[PDB]
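Asks:
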Amino acid sequence: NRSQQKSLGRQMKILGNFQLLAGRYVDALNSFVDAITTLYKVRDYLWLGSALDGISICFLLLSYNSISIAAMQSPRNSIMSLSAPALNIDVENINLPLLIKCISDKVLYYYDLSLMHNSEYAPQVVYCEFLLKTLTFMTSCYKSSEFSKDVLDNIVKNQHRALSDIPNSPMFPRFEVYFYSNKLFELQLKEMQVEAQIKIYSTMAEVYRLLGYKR
Amino acid sequence: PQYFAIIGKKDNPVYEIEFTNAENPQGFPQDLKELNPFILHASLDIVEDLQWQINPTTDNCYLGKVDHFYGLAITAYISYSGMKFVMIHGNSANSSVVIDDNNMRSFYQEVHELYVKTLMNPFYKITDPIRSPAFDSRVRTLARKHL
Amino acid sequence: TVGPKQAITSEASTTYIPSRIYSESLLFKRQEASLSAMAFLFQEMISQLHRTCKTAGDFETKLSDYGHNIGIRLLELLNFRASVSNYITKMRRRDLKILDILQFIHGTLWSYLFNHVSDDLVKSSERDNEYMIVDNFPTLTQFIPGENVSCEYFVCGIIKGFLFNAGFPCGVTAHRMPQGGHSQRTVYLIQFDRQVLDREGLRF
């Protein structure tokens with residue numbers, strides 16, 4: 265059927281997005297080698313990552378389910394990783410705004426808050442597709458739930474968003490709403506690997522110490 | 002069942018009581034020994050945050091349920107001298123507290139009256155525990171009549 | 025034996041009613057006493073502290089601690105009776175600026191301690207965090223020669239005890255500025271600290 269070939273193309277698009285985002289690593293400083301399955305130029309692999317992200321977002325929107382919002386997160390990841398260096402990706406931002414307004418509702422026009430709105434929308438796809446088949450891969454074939462990466466989603470959200478609050482006069486993000494978004498964080502959470510729990514409670518300790526919420 | 006406390010300014014309790022419905026003769030299963038002092042000290046942070054602000058998330087002496095955390099509704103009250111009247115709400119299921127603000131606000135008002143009656147003693151200085159059985163008798167009759 | 029520092033008790037709601045022992049009306053009946061009796065107790069206070077203290081400074085701090093132990097009582101009683163019991167009441171503002179607790183003092187505290195309202199209340203032009211509370215005639219200490227000011231600290235020992243327990247820590251001193259026909263006028267000045275000011279520096 266067209267569903268199987270479309271799902272295989274979506275899986276290859278997500279693999280292309282992850283590989284091409286991983287291709288533009290370590291800033292390509294003097295990377296003039298043979299470059300097998302890579303470009304290894306000044307900004308080529310970031311642009312190819314943006315094109316693969318646009319194609320993956322188009323394929324995931326056409327296939328309208379946990380793999381859908383991974384490319385929506387990866388578009389903001391590509392925008393931020395290119396914005397660590399110089400970046401002017403307004404065309405990819407307009408494509409992401411068009412796809413996100415077609416599927417979701419954006420309703421935002423602020424600098425560096427569109428990524429947070431995209432991540433908050435991107436949690437809702439996994440939240441909707443939770444009531445489905447529990448196992449879909451083979452690396453988690455004997456797992457328990459998709460909660461094991463659902464916690465990594467909002468912790469990488471909190472890590473990328475809590476550093477934006479650095480001053481206290483023009484606070485772009487107000488303490489109360491991210492404290493109450495850490496309020497509904499505390500799910501079931503009992504049985505999990507101990508390294509995961511010591512790292513995730515260390516991140517909650519880090520954000521509370523940086524917030525001043527000492528107790 | 003509900004855990005009730007009155008906490009000083011230097012983070013110390015002057016009163017603490019736990020009262021339950023008589024159907025559950027033992028109350029708060031396993032939360033009572035460990036969880037309930039710690040989440041109260043956690044809520045002291047956000048009550049300390051909302052004490053100085055003007056427009057809340084009128085009249086600043088009462089305030090609503092301040093957080094919701096493992097299905098427990100935690101309700102606060104701030105006196106004039108800075109004492110904090112944090113009292114939590116437990117159940118096996120979720121609990122509604124805002125419907126009891128016709129009644130629980132009055133409960134905080136006359137236990138504030140009882141605390142003013144305690145404070146007017148010149149022998150009783152602050153940072154002292156309220157070691158009076160008469161106070162217990164009034165607060166459990168108020169717990170009975172404002173259930 | 026109800027509340028120790030050791031545990032918490034668990035007793036069921038909707039049980040039996042326990043015994044009735046002690047109760048009292050919180051609202052004031054209107055009671056009056058002569059000025060001479062309170063003046064006699066006031067000079068006995070100053071006489072005992074003159075007896076058992078060496079120098080002026082710790083005498084002043086002991087008198088300020090005497091005033092402090094009325095002020096930390098008096099705050100909740102006056103705010104609860106200005107928000108008035164078993165009668166259905168509605169709580170007050172619980173004010174949190176600096177410029178309205180001084181208004182609360184000059185309105186209600188001085189008209190509660192005395193028959194008359196406090197006279198004037200102005201800021202300081204030369205510096206912020208300095209606030210002037212002034213009367214024209216001190217009815218605590220009108221019976222001592224005017225060249226001593228330390229016996230005037232008791233009432234400002236109230237004011238620091240009214241302020242530090244209300245959430246604004248500060249420090250007070252008192253001087254006598256002989257202005258006009260009033261020979262004794264008794265300025266009390268209130269020195270705050272920086273750590274409150276930047277707090278209301280944070281609140282726009």
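Residue numbers (the deposited numbering), protein chains in the order written: chain J, 265 to 328, 378 to 528; chain H, 2 to 58, 84 to 173; chain G, 25 to 108, 163 to 282. We treat Cβ as the ideally placed atom computed from N, Cα and C, and that holds for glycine.
1. Hey, out of J:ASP403, J:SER457, J:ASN471 and J:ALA299, whose CA is closest to J:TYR493's CA?
2. When we look at the beta-carbon of H:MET109 and count the other beta-carbons within 10 Å, is it buried (16 or more) or exposed?
3. Note down, in chain order, all residues in the region 89 to 105 of chain G with a beta-carbon under 8 Å from any beta-carbon belonging to chain H.
4. Could you check whether the Cβ of J:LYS527 sits closer than 8 Å to any Cβ belonging to chain H?
5. Work out the CA separation of H:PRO148 and G:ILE222 for me, nearest whole Å.
6. Buried or exposed, going by whether 16 or more other CB atoms sit within 10 Å of the CB of J:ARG522?
7. Got a sec, what are the start and stop residues for the beta strand (DSSP E) G:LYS201 sits in?
8. Answer yes if the region 511 to 525 of chain J comes into contact with the region 145 to 162 of chain H, meaning at least three C-beta pairs across the two stretches below 8 Å, and no otherwise.
9. By the criterion of Cβ-Cβ separation under 7 Å, what are the contact partners of H:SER105 in chain G?
10. Please return the same chain residues whose Cβ sits closer than 8 Å to the Cβ of J:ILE511, not counting the five positions on each side in sequence.
11. So within the region 30 to 79 of chain G, which uninterrupted alpha helix (DSSP H) runs reach at least 4 residues, ignoring any that extend past its ends?
12. Quick one: is H:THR21 near chain G, going by C-beta distance under 8 Å?
13. Tell me whether J:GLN386 is buried or exposed, calling it buried when 16 or more other Cβ atoms sit within 10 Å of its Cβ.
14. With distance defined between alpha-carbon atoms, name the residue in G:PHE232, G:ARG254 and G:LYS29 nearest to G:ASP82.
15. Taking only beta-carbon positions, decide if H:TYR4 is within less than 8 Å of chain J.
16. Going by other Cβ atoms of all chains shown within 10 Å of its Cβ, with 16 needed for buried, is G:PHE52 buried or exposed?
17. Quick one: which chain C residues come within Cβ less than 7 Å of J:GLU489?
18. Check each candidate in H:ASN22, H:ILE47, H:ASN117 and H:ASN128 and name the one with the smallest Cα separation from J:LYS527.
19. Is the closest heavy atom of the ligand NAP to the C-beta of G:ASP213 under 7 Å?
20. Go to H:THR21, then tell me how far its alpha helix (DSSP H) extends in each direction, as first and last residue.
21. Distance check for H:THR84 and H:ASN13, CA to CA, integer angstroms please.
22. May I ask which residues mark the beginning and end of the alpha helix (DSSP H) holding H:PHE95?
23. Since H:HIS42 meets chain G, which of its residues come closer than 9 Å, beta carbon to beta carbon?
24. How long is the line joining the alpha carbons of G:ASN207 and G:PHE64, rounded to whole angstroms?
25. Cutting at 6 Å between CB atoms, please list the residues of its own chain near J:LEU310, excluding the five before and the five after it.
26. Less than 8 Å between the C-beta atoms of H:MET146 and G:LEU101, yes or no?
27. Pull out every residue of the region 88 to 100 of chain H whose Cβ sits closer than 9 Å to any Cβ of chain J, in chain order.
28. Can you tell me the Cβ-Cβ gap for H:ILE114 and H:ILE100, rounded? I've got them flagged as a contact below 8 Å.
29. Does any CB atom of chain H fall closer than 8 Å to the CB of G:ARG54?
30. Can J:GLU442 and J:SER379 be called in contact, C-beta distance under 8 Å?
31. Would you grab the beta carbon distance between G:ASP197 and G:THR264 for me? Rounded to a whole angstrom, and I think it's under 8 Å.
32. Can you tell me whether G:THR219 is buried or exposed? The criterion is at least 16 other CB atoms within 10 Å of its CB, across all chains shown.
33. Less than 8 Å between CB atoms is the rule here; does J:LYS496 satisfy it with respect to chain H?
34. For the region 39 to 51 of chain G, which residues have a beta carbon sitting closer than 9 Å to at least one beta carbon of chain H?
35. For G:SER49, does the count of other Cβ atoms within 10 angstroms reach 16, so buried, or fall short, so exposed?
36. Of all the options G:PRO42, G:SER261 and G:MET255, which has the alpha carbon lying nearest to the alpha carbon of H:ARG170?
Replies: The relevant details are as follows:
1. Indexing the first sequence from 1 puts residue 493 of chain J at position 180. With distances taken between Cα atoms, J:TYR493 lies closest to J:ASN471.
2. Translated into positions along the second sequence, residue 109 of chain H becomes position 83. Its Cβ being crowded by 16 or more others within 10 Å, H:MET109 is buried.
3. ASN93, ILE96, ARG97, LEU99, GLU100, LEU101, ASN103 and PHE104
4. What you label residue 527 of chain J is simply residue 214 of the first sequence in a count that begins at 1. By this cut-off, J:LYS527 is an interface position.
5. On the third sequence, residue 222 of chain G is found 144 positions in, with the first residue counted as 1. On the second sequence, residue 148 of chain H is found 122 positions in, with the first residue counted as 1. Cα to Cα, G:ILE222 sits roughly 28 Å from H:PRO148.
6. On the first sequence, position 209 is the one that residue 522 of chain J refers to. J:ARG522 comes out exposed.
7. Numbered from 1 along the third sequence, position 123 holds the residue referred to as residue 201 of chain G. Note, G:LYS201: beta strand (DSSP E), 198 to 201.
8. no
9. For the purposes of this step, residue 105 of chain H is identified with residue 79 of the second sequence, where counting begins at 1. Going along chain G in sequence order, the residues near H:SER105 (Cβ under 7 Å) are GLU100.
10. Here residue 511 of chain J refers to the residue found at position 198 when the first sequence is read from its first residue. Once the five neighbours on either side are set aside, J:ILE511 has no close Cβ partner at all.
11. 59 to 75
12. To locate residue 21 of chain H, count along the second sequence from 1; it is residue 20. Closer than 8 Å to some Cβ of chain G, the Cβ of H:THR21 qualifies, so yes.
13. Here residue 386 of chain J refers to the residue found at position 73 of the first sequence. When all chains shown are included, J:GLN386 counts as buried.
14. Position 58 of the third sequence holds residue 82 of chain G. Considering only alpha carbons, the answer is G:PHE232.
15. Your numbering for residue 4 of chain H matches position 3 in the second sequence. Taking Cβ atoms only, chain J never reaches closer than 8 Å to H:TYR4, which makes this a no.
16. By one-based count along the third sequence, residue 52 of chain G stands at place 28. G:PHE52 comes out exposed.
17. Although the question refers to chain C, the structure presented lacks it and instead comprises the protein chains J, H and G.
18. Here residue 527 of chain J refers to the residue found at position 214 of the first sequence. Per the Cα distances, H:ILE47.
19. The model on display carries no ligand, and the ligand NAP is accordingly not part of it.
20. On the second sequence, position 20 is the one that residue 21 of chain H refers to. Looking at the DSSP string, H:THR21 is not in any alpha helix (DSSP H); the run it does join, the beta strand (DSSP E), is 14 to 21.
21. Stepping through the second sequence from its first residue, residue 13 of chain H is reached at position 12. Stepping through the second sequence from its first residue, residue 84 of chain H is reached at position 58. Whole-angstrom Cα-Cα distance: 27 Å.
22. Here residue 95 of chain H refers to the residue found at position 69 of the second sequence. It is not in any alpha helix (DSSP H) - H:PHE95 instead sits in the beta strand (DSSP E) that spans 88 to 95.
23. For this step, residue 42 of chain H is matched to residue 41 along the second sequence. Residues of chain G passing the Cβ test: none, with the nearest at roughly 14 Å.
24. If you number the third sequence from 1, residue 207 of chain G lands on position 129. If you number the third sequence from 1, residue 64 of chain G lands on position 40. Spanning the two alpha carbons is a distance of roughly 36 Å.
25. For this step, residue 310 of chain J is matched to residue 46 along the first sequence. Cβ neighbours of J:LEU310 beyond the five flanking positions: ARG288 and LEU395.
26. As a working note, residue 146 of chain H is residue 120 in the second sequence. As a working note, residue 101 of chain G is residue 77 in the third sequence. For H:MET146 and G:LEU101, yes; Cβs fall inside 8 Å.
27. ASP93, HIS94, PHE95 and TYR96
28. Working through the second sequence from its first residue, we reach residue 114 of chain H at position 88. Working through the second sequence from its first residue, we reach residue 100 of chain H at position 74. Between H:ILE100 and H:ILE114 the Cβ distance is about 5 Å, and since that is below 8 Å, they are a contact.
29. Here residue 54 of chain G refers to the residue found at position 30 when the third sequence is read from its first residue. No, its Cβ sits nowhere closer than 8 Å to a Cβ of chain H.
30. Position 129 of the first sequence holds residue 442 of chain J. Position 66 of the first sequence holds residue 379 of chain J. In this structure, J:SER379 lies closer than 8 Å to J:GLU442 by Cβ.
31. Mapped onto the third sequence, residue 197 of chain G falls at position 119. Mapped onto the third sequence, residue 264 of chain G falls at position 186. Not confirmed; about 10 Å, so no contact.
32. On the third sequence, position 141 is the one that residue 219 of chain G refers to. So G:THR219 ends up on the buried side.
33. Counted from its first residue, the first sequence places residue 496 of chain J at position 183. True, the Cβ-Cβ gap to chain H drops below 8 Å.
34. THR39, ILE41, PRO42, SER43, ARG44, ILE45, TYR46, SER47, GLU48 and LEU50
35. In the third sequence, counting from the first residue as 1, residue 49 of chain G sits at position 25. Burial call: exposed.
36. Numbered from its first residue, the second sequence carries residue 170 of chain H at position 144. Considering only alpha carbons, the answer is G:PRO42.
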